[PDB]
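Here is the structure we will look at.
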Amino acid sequence: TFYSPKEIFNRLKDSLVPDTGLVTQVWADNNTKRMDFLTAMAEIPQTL
Amino acid sequence: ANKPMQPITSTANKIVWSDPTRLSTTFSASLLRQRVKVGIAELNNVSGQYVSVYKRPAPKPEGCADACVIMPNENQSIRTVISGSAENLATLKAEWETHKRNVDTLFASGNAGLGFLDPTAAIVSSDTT
Amino acid sequence: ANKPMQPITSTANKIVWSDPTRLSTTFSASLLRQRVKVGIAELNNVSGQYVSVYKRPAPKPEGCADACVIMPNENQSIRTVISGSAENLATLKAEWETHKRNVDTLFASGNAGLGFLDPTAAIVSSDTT
Amino acid sequence: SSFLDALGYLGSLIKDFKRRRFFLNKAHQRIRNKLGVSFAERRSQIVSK
Amino acid sequence: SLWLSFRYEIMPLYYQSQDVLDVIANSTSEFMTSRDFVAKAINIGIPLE
């Protein structure tokens, strides 16, 4: 015997949740990327 | 106990483990086998290459805890290389055990990790009286 | 009763130890230190090349003991580097103990010294379940 | 199963392909910039002279 | 003839204008992304009976 497939699907659907730690890590990665882009584009009017 | 890892890239001379929960942490082992000739004796040498990496965001500023401190994540790598003749593995082990204690008294207990070196640190060789 | 060894050459970066009775065997611990600005936080990187070298003669012919038949000495070297920030010796010592255990499982206890590999090695990480 | 394990190296393959593609794109854009600045310098010197 | 003497100034000025437009647009359209993957496990209790 075992659970119903729909029952298992519902349990899994309830269980799924974003990972706060991974979200923070990718968040910091994106922040570093945008800081690098900002300091890189800081020189555009120097070209202008 | 701790979290075991499963190999994710196996090869005859390349096996790499990584933590399923934290895929950043790794442990790589590389073996290079080569035949070397010494005086009237052909020798079968092997070099053991071992790399352990732990990705980690190091210092929490002073002693708080909060969301908007997600400081950069840095790396901590420890690489160990062992070379020696295959049949001398019996004595190869003991000096490796000696190498353990030898660096233990300098880094694990000493301040070598900070950057300081202690001339009067107790250092011993593999052989014993 | 391991033979104690005294420093031979000291420098602003490295110190070498050598056994007075047998000058061949040595141990040196260098140290390169660095300052990095990564996340508006200063991380002091420390990396120390720890090499212990022994020159043991090749094995004498099996089942025969003359008294003195001299073999060419073969090199047994272990190289160890520990690269990390100075703000984490509190935790840099942690995984190094695991790093000890990790290599011991597959090399000291295992037969990786003989050139062999096994993905089924019981590997263990620093993080505790 | 041996094949299933062996298939993973295609990731490194496409990784290196992306390396080559990105380097080629960077080289071409640098060539374009060099050509443009050379043309600007030539125009400036000729018009001044 | 007088009007065709235009190329002198219109051609290179326009060329450099397009050059600066390209060199700003390529940097301006960076479209940065950041991603990560994990293999966290999901546990579902199984009745012992």
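All residue names refer to the structure tokens as shown: chains lettered A, B, ... in order, residues numbered from 1 in each chain, ligands numbered from 1 in order.
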
> Would you list which chain D residues are within 12 Å of chain E using only C-alpha atoms, as a PyMOL selection string?
Replying inline: chain D and resi 26+29-30+32-44+46-47

Should the cut-off be 8 Å, what would the residue list for chain B against chain A look like, counting only C-alpha atoms, as a PDB file with N, CA, C and O atoms, in the first residue's frame?
```pdb
ATOM      1  N   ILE B  70      24.464  41.042   3.939  1.00  0.00           N
ATOM      2  CA  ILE B  70      24.829  39.891   3.132  1.00  0.00           C
ATOM      3  C   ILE B  70      26.161  40.250   2.497  1.00  0.00           C
ATOM      4  O   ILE B  70      26.226  40.730   1.359  1.00  0.00           O
ATOM      5  N   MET B  71      27.206  40.007   3.250  1.00  0.00           N
ATOM      6  CA  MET B  71      28.550  40.402   2.882  1.00  0.00           C
ATOM      7  C   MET B  71      29.113  39.453   1.831  1.00  0.00           C
ATOM      8  O   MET B  71      28.582  38.350   1.659  1.00  0.00           O
ATOM      9  N   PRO B  72      30.171  39.834   1.113  1.00  0.00           N
ATOM     10  CA  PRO B  72      30.670  38.967   0.046  1.00  0.00           C
ATOM     11  C   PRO B  72      31.122  37.624   0.589  1.00  0.00           C
ATOM     12  O   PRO B  72      31.567  37.499   1.733  1.00  0.00           O
TER      13      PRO B  72
END
```

>> Distance cut-off 6 Å, counting only C-alpha atoms - which residues of chain B neighbour chain C? Return them as a VMD selection string.
In response: chain B and resid 2 to 4 39 72 76 to 84 86 114 123 to 125 127 to 129

Kindly export the residues of the current selection with N, CA, C and O atoms, as a short mmCIF file (atom, residue, chain, number, x, y, z; two decimals), in the first residue's frame.
```cif
data_model
loop_
_atom_site.label_atom_id
_atom_site.label_comp_id
_atom_site.auth_asym_id
_atom_site.auth_seq_id
_atom_site.Cartn_x
_atom_site.Cartn_y
_atom_site.Cartn_z
N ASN B 2 28.84 14.29 10.43
CA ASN B 2 28.72 15.45 9.56
C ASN B 2 28.00 15.03 8.29
O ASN B 2 27.54 13.90 8.16
N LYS B 3 27.90 15.96 7.35
CA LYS B 3 27.22 15.69 6.10
C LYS B 3 28.15 14.97 5.14
O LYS B 3 29.18 15.54 4.75
N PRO B 4 27.86 13.74 4.74
CA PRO B 4 28.66 13.09 3.71
C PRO B 4 28.39 13.69 2.34
O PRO B 4 27.35 14.31 2.10
N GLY B 39 68.97 4.52 -9.90
CA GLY B 39 70.10 3.64 -10.12
C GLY B 39 69.76 2.17 -10.08
O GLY B 39 69.20 1.68 -9.09
N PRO B 72 30.17 39.83 1.11
CA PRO B 72 30.67 38.97 0.05
C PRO B 72 31.12 37.62 0.59
O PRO B 72 31.57 37.50 1.73
N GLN B 76 37.90 29.32 1.13
CA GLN B 76 38.91 28.75 2.02
C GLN B 76 39.36 27.43 1.41
O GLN B 76 38.64 26.43 1.48
N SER B 77 40.55 27.42 0.82
CA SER B 77 41.07 26.26 0.12
C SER B 77 42.30 25.72 0.84
O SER B 77 43.19 26.48 1.22
N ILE B 78 42.33 24.40 1.02
CA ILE B 78 43.48 23.71 1.59
C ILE B 78 43.90 22.63 0.60
O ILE B 78 43.15 21.68 0.36
N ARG B 79 45.09 22.77 0.03
CA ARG B 79 45.60 21.84 -0.95
C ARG B 79 46.77 21.06 -0.36
O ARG B 79 47.66 21.64 0.26
N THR B 80 46.75 19.75 -0.55
CA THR B 80 47.80 18.88 -0.04
C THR B 80 48.29 17.98 -1.16
O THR B 80 47.50 17.36 -1.86
N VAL B 81 49.61 17.90 -1.31
CA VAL B 81 50.25 17.11 -2.36
C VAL B 81 51.18 16.11 -1.70
O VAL B 81 52.02 16.49 -0.88
N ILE B 82 51.04 14.84 -2.06
CA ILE B 82 51.88 13.77 -1.55
C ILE B 82 52.51 13.05 -2.73
O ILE B 82 51.81 12.67 -3.68
N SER B 83 53.83 12.87 -2.68
CA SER B 83 54.56 12.15 -3.71
C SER B 83 55.50 11.15 -3.06
O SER B 83 56.04 11.41 -1.98
N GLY B 84 55.70 10.02 -3.72
CA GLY B 84 56.61 9.01 -3.20
C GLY B 84 56.45 7.71 -3.94
O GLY B 84 55.46 7.47 -4.65
N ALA B 86 55.78 3.81 -4.69
CA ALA B 86 54.62 3.03 -4.30
C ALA B 86 54.94 2.06 -3.17
O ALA B 86 54.18 1.94 -2.21
N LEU B 114 47.58 33.41 11.61
CA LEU B 114 47.54 34.87 11.60
C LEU B 114 48.56 35.43 10.61
O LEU B 114 48.26 36.37 9.86
N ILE B 123 59.59 21.15 16.45
CA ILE B 123 59.47 20.43 15.19
C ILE B 123 60.21 19.11 15.32
O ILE B 123 61.33 19.07 15.85
N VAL B 124 59.59 18.04 14.84
CA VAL B 124 60.16 16.71 14.94
C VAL B 124 60.16 16.05 13.57
O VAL B 124 59.40 16.43 12.68
N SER B 125 61.03 15.06 13.41
CA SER B 125 61.14 14.31 12.18
C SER B 125 60.44 12.96 12.31
O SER B 125 60.05 12.54 13.40
N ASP B 127 61.60 9.89 11.92
CA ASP B 127 62.34 8.87 12.65
C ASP B 127 62.27 9.12 14.15
O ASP B 127 62.09 10.25 14.61
N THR B 128 62.39 8.04 14.91
CA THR B 128 62.34 8.09 16.36
C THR B 128 63.54 7.36 16.95
O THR B 128 64.15 6.52 16.29
N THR B 129 63.86 7.70 18.19
CA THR B 129 64.99 7.08 18.87
C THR B 129 64.61 5.71 19.42
O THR B 129 63.93 5.61 20.44
#
```

>> Matching each Cα of chain B to its counterpart in chain C by order, what RMSD results from the least-squares fit?
In response: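 When all C-alpha atoms are superposed, the deviation is 1.1 Å.
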
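Reported to one decimal place, the separation of CA of residue 28 (chain C) from CA of residue 9 (chain C) is 9.2 Å.
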
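Picture a line from CA of residue 21 (chain E) to CA of residue 39 (chain A); it runs 19.9 Å.
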
Quick one: contact table of chain D to chain B, 9 Å max, nearest atom pair and distance in Å to one decimal per residue, counting only C-alpha atoms, chain and number order, as JSON lines?
```
{"residue": "D:5", "atom": "CA", "partner": "B:9", "partner_atom": "CA", "distance": 8.3}
{"residue": "D:8", "atom": "CA", "partner": "B:9", "partner_atom": "CA", "distance": 8.2}
{"residue": "D:9", "atom": "CA", "partner": "B:9", "partner_atom": "CA", "distance": 8.9}
```

>> Distance cut-off 8 Å, counting only C-alpha atoms - which residues of chain E neighbour chain B? Return them as a VMD selection string.
In response: chain E and resid 38 to 40

Please identify every residue of chain E that has at least one atom no farther than 8 Å from an atom of chain A, counting only C-alpha atoms, and for each give the shortest atom pair and the distance in Å to one decimal, arranged by chain then increasing number, as JSON lines.
```
{"residue": "E:20", "atom": "CA", "partner": "A:48", "partner_atom": "CA", "distance": 7.8}
{"residue": "E:24", "atom": "CA", "partner": "A:44", "partner_atom": "CA", "distance": 7.4}
{"residue": "E:27", "atom": "CA", "partner": "A:41", "partner_atom": "CA", "distance": 7.5}
{"residue": "E:32", "atom": "CA", "partner": "A:33", "partner_atom": "CA", "distance": 7.2}
{"residue": "E:33", "atom": "CA", "partner": "A:30", "partner_atom": "CA", "distance": 6.8}
{"residue": "E:34", "atom": "CA", "partner": "A:30", "partner_atom": "CA", "distance": 5.5}
{"residue": "E:35", "atom": "CA", "partner": "A:26", "partner_atom": "CA", "distance": 5.9}
{"residue": "E:36", "atom": "CA", "partner": "A:26", "partner_atom": "CA", "distance": 6.5}
{"residue": "E:42", "atom": "CA", "partner": "A:15", "partner_atom": "CA", "distance": 7.8}
```

> Distance CA of residue 14 (chain A)-CA of residue 45 (chain E), one decimal place?
Replying inline: 14.1 Å
